[PDB]
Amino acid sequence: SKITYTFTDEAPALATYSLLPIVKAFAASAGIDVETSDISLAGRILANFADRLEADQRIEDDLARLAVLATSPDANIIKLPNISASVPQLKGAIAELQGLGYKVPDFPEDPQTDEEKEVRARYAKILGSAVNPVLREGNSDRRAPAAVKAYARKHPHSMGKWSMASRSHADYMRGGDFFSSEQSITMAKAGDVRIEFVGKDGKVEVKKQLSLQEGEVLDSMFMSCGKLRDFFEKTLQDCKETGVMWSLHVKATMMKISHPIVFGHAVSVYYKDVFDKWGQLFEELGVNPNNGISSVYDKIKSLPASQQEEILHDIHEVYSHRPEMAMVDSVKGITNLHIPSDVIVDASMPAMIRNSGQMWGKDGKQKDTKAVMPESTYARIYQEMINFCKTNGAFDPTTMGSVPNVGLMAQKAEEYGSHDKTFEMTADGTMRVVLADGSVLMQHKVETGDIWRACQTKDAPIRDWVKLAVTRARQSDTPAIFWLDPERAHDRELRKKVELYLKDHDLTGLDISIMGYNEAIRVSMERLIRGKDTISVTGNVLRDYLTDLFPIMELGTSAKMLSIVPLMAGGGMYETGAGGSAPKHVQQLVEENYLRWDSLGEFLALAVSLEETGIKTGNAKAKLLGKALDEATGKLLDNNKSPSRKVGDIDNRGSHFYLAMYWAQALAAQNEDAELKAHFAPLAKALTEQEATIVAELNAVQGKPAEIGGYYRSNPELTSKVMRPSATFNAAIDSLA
């Protein structure tokens, strides 16, 4: 009676086959119903194309149901990481469902007819981050629990040594990006607004109309595609002169519209010699550089070997005139520019800094790198961290402090809801935003090919943000900084509200300040290295970047964080860490039947999820399920029963067993409730005694390839046997309820 559990993609999906059955049994002992909501990428494709499925094979639209549940005050969701698909990934999902019999329409890369444009629009809703903006209806409280830090200090993860002579650096545009042109206003009263275009010849197009609440913040900006292509050529030339490897770090997944244009311009510029010679044949075949260089590799298959061989050689000649670039997989030849979703800035840049500031090249060796991030707004903080490591060495998890995050995200704050307000200018002219009484609010001169966009942030999420920041500052006794850039128009609007709403709360004994981004990360890092903590209070995007960046230094992986979402209706969402769906863990499983995914983020969320039920439902026992799990996670940390990444020990599957065994024990041991004490004694010691052959039956699989049938919609019977192979263990768990 209250817990919704999320079935997602890739590695967390496989973890859930082993872990969810154990959760359902234990939870049942407190009279708790544990629902499964399918928000996977293939599951969402079926849910939106019901009209193309036989009624018997239709499925229920779980995202829509989960989106309504998030607005109810009874919500209790456990949210595991899920895909934000690029176009290549969507094309792969469609192709797998089609080969299973579902007649779902192909993705229309060029839609000419009106019926083609409606299939495109239906698919557009499924692309990108379709889940998180719909679920996140409170702000974000993300922090490392004390026990997790204690574990990291006793068992430090590897950290690459940093040389003061390193040549690695981050490069970003100086002029010509969003940072350069940003404008922002705050509405004094509710009202309508119009997004207008006035060309040079004088033609007017009313792009969109919007209704905004009273205290609503609205921003406006554009990027010059001319200066972008210019920038790309300069970064490539510089790498060629200096001998340092080129790399690209954007967020083409979440930034559905803008960053593929950026990604595609990087491709056009990099392989410019190929696109210049074969421009017409490529436009004929429909190659789209916004999908990566893979687009060319794919579409030339329909051509004759004589002529495609001519193209494979002209690409080789680009790689001899351009600088070396980073590799996603050196063995298979998969490049940084291959598909847009491989290298995602928030995961990739912490990986590089942790690895001595280096990435892998053509030869399989790591080397110094220029990390290209065209947009200046959030690029600059990585430069401050790169220089800090050059000067002070690599971070030390043994003595390090902590940087938690309180994050503004409710109701699609800032850049997250901006995709319906984003256009690629088709002519020279100006873009403006007018009050409908004619008053011009914001204005930009633009040129053909440039990207223009606007963003909305509402006053209620902001009040909740400031309030959550003050609470955390009091609850721990730790200074907090609002990262607001004084040269950003949007951040100046935010600062008026923050300065105002801080006065609505009692600041006695509290250290709260406001700084631009570079000063804040510098102050945070200077405190960090002296063993002290700082809370970062940031907007929506920095919430993402920093809860990847600092946790990977401190803990080795994002997945070992608490991530609590107090929903504004009164409920709660508990995300299983601050990481992603670890697609590389899938390659290892299909190939040699080891899953290194660490489910600690799940255990941590679950224990908070059960205490929430206890409080809201006054379910005394379910509250005890919680602290028995805290103990359960405690002994897993204390006894280092997490997965190692060596193929002769326990993996993800074995770790769940060890969690179940101490969770059973701590309940068989306690005397607080004689019901549950007797309830879990038959399972407790049964798991204990049989421990060695459970582990042997788990570990007996390693080595052998695992044929789960499919990737995006794997075969459930097949997949479930691959993940629950200790038939000894299964009936111990089956025979609980």
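All residue numbers are counted from 1 along the displayed sequence.
Undergrad: Using only C-alpha atoms and the B-factors in the entry, which stretch averages higher, 407-415 or 69-77?
TA: Higher mean C-alpha B-factor in the PDB entry: 69-77.
Undergrad: Mean C-alpha B-factor higher for 451-459, or for 626-634?
TA: Averaged over C-alpha atoms, the B-factors run higher in 626-634.
Undergrad: Check the PDB entry and point out which of 265, 301, 338, 161 has the largest C-alpha temperature factor.
TA: Comparing C-alpha B-factors across 265, 301, 338, 161, the top value belongs to 301.
Undergrad: Would you mind checking which of 572, 175, 648, 551 has the top Cα temperature factor in the PDB entry?
TA: By C-alpha B-factor in the record, 648 ranks first.
Undergrad: Going by what the PDB entry lists, where does residue 171 fall on CA B-factor within its chain: lowest, middle or highest third?
TA: It belongs to the lowest third of the chain when residues are ordered by C-alpha B-factor.
Undergrad: Comparing residue 134 with the other modelled residues of its chain, is its CA B-factor in the lowest, middle or highest third?
TA: Lowest third.
Undergrad: Of the three thirds of its chain by CA temperature factor, lowest, middle or highest, which one includes residue 375?
TA: Lowest third - that is where residue 375 ends up once the chain's C-alpha B-factors are sorted.
Undergrad: Should residue 387 be placed in the lowest, middle or highest third of its chain by the C-alpha B factor in the entry?
TA: Tercile = lowest for this residue's CA B-factor.
Undergrad: Can you tell me whether residue 271 has a C-alpha B-factor in the lowest, middle or highest third compared with the other modelled residues of the same chain?
TA: Middle third.
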